[PDB]
Amino acid sequence: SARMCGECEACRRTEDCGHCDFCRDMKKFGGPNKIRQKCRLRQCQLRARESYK
DNA sequence: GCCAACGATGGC
DNA sequence: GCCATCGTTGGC
Ligand SMILES: [Zn+2]
Ligand SMILES: [Zn+2]
């Protein structure tokens with residue numbers, strides 16, 4: 001992907017942390033789905049927008 | 001330039 | 001049709 005190196009810790013992570021702002025936004029964590037980004041811990045360390053990590 | 005919010009769509 | 005999560009935008 002443009003935003004995934006597929007090779008760092010973040011990219012290999014399969015489990016949302018459930019605790020960050022992005023996770024708390026998610027439907028599966030009871031959130032309003034207004035932000036719509038991946039878990040902070042799954043934000044590619046190389047390729048993600050710097051503000052997402 | 002940032003970012004909260006949202007439109008878009010590939011993949012299922 | 002839905003979902004995950006991307007790129008875009010308007011307001012600051
Ligand atoms: Zn998280
Ligand atoms: Zn990565």
Side-chain angles (χ1 to χ4, degrees), chain A residues 1-8 10-26 28-33 35-49 51-53:
Chain A
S1 161
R3 299 294 179 173
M4 281 176 76
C5 82
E7 282 191 289
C8 68
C11 281
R12 282 189 302 269
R13 284 206 50 100
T14 69
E15 307 175 337
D16 300 320
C17 84
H19 292 80
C20 66
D21 59 332
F22 297 148
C23 280
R24 270 154 30 224
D25 179 57
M26 300 177 183
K28 65 181 191 138
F29 295 115
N33 190 50
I35 295 150
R36 313 205 266 251
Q37 305 301 335
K38 297 200 284 211
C39 177
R40 292 263 180 197
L41 295 199
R42 307 189 352 131
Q43 292 289 343
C44 177
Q45 305 165 2
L46 288 196
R47 302 186 183 200
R49 293 175 196 272
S51 69
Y52 289 170
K53 306 159 180 179

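Quick note on labels: first sequence line is chain A, next is B, and so on, each numbered from 1. Just so it is clear, the values below take in all heavy atoms, side chains as well, and ignore hydrogens, waters and symmetry mates.
Look at A/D16 and A/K38 and you find no salt bridge, because none of the NZ, NE, NH1 or NH2 atoms lies under 4.0 Å from a carboxylate O.
Counting heavy atoms from C-beta on, the side chains of A/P32 and A/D25 come closer than 4.5 Å.
For the pair A/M26 CE and C/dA4 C1', the interatomic distance rounds to 9 Å; values are reported in whole Å. We find that CZ of A/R40 is positioned 14 Å from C1' of C/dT5, with the value rounded to whole Å. Atom CZ in A/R49 sits about 13 Å away from atom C1' in B/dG1, given to the nearest Å. Rounded to whole angstrom, the span from the CE atom of A/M4 across to the P atom of B/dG11 amounts to 13 Å. Computed from coordinates, the A/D21 CG to B/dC3 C1' distance equals 11 Å when rounded to whole Å. Rounding to whole angstrom units, CG of residue A/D25 and P of B/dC3 are separated by 16 Å. Note: CZ (A/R13) to P (C/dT5) measures 13 Å, nearest angstrom. The CZ atom of A/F22 sits 12 Å away from the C1' atom of C/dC6 (whole-angstrom rounding).
Between C/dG7 and A/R36, no contact under 4.0 Å exists linking OP1 or OP2 to a side-chain N or O. An OP1 or OP2 oxygen of C/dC6 is reached within less than 4.0 angstrom by a side-chain nitrogen or oxygen of A/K38.
Regarding nucleotide C/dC6, the torsion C1'-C2'-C3'-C4' is greater than zero, so its sugar is described as north.
Minimum heavy-atom separation, A/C39 to A/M26: N-CE, 3.6 Å.
Linking ILVMFWY residues whenever their side-chain heavy atoms come closer than 4.5 Å, directly or via other members, leaves A/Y52 and A/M4 in distinct clusters.
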